[PDB]
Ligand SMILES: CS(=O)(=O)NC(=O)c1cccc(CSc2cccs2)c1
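In structure tokens, one chain follows: the form solved without the ligand.
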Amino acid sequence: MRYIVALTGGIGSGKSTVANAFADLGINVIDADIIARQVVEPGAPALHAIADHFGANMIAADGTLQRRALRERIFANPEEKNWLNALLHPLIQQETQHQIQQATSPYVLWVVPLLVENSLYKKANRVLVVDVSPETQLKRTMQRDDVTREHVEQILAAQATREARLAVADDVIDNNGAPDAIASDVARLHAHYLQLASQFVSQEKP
């Protein structure tokens, strides 16, 4: 078995910065967003199911998914969102499980943007939340995208609140910094996680 530490945070919290810091210590990172992309790659069962359901025009000349087309085709039929999700849900679960089993690091870091929203913390052994102020989320996202404060605040309104995330966190790491202290903070967490992972299979009492 593999010890699973789930990492989550809101838009603009810099989850990648924290994940890369754990990757630097030899931890394998399994990213929910990458897995979702991997399950619709050429050859994947989901791709054929998608073409069969939405039609051949969802497939590009090279056989890959026309994501933009499908993305806009869903918006034009939210009911379709459900069929798609019901299709991909099982596949993402199986591919995620596969990649976790394949990781050889002491424990794995599973990055899940929607950890709180979809209650996926129930599938984690430990929950780490990358925390930052709402201003930081707004600032960074804008500087990385567009439409000033609006648009983004529309995103923050659609995600779980800062407080909702802290409510389910076992550990919290601040990323308002530079990250001047992320390397240090990550090192401390790593030490604890190595300990938790080496004893979790046989530990008789919590």
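Numbering starts at 1 and follows the sequence shown.
What comes next is about the form deposited with the ligand bound, which does not appear here.
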**Item:** One stretch from 42-50, 60-68, 161-169, 28-36 that, in the entry with it bound, holds residues within 4.5 Å of the ligand by heavy atom
**Value:** 28-36
**Prompt:** Applying a 4.5 Å heavy atom distance criterion, does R73 contact the ligand in the entry with it bound?
**Reply:** no
**Message:** How about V112 - does it come within 4.5 Å of the ligand in the entry with it bound, if we only consider non-hydrogen atoms?
**Reply:** yes
**Asked** Is there a heavy atom of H89 no more than 4.5 Å from a heavy atom of the ligand in the entry with it bound?
**Response** yes
**Message:** Residue-level question: is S105 within 4.5 Å of the ligand in the entry with it bound, judged on heavy atoms?
**Reply:** no
**Request:** Take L156, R37, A103, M142 and report the one at the hinge of the rigid-body rearrangement between this form and the one not shown.
**Result:** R37
**Prompt:** Out of closer and farther, which fits the Cα atoms of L115 and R68 in the entry with it bound compared with this form, where the change is 3 Å or more?
**Reply:** closer
**Request:** Over in the other structure, so in the entry with it bound, do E150 and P78 pull closer or drift farther apart at the C-alpha level? The difference is 3 angstroms or more.
**Result:** farther
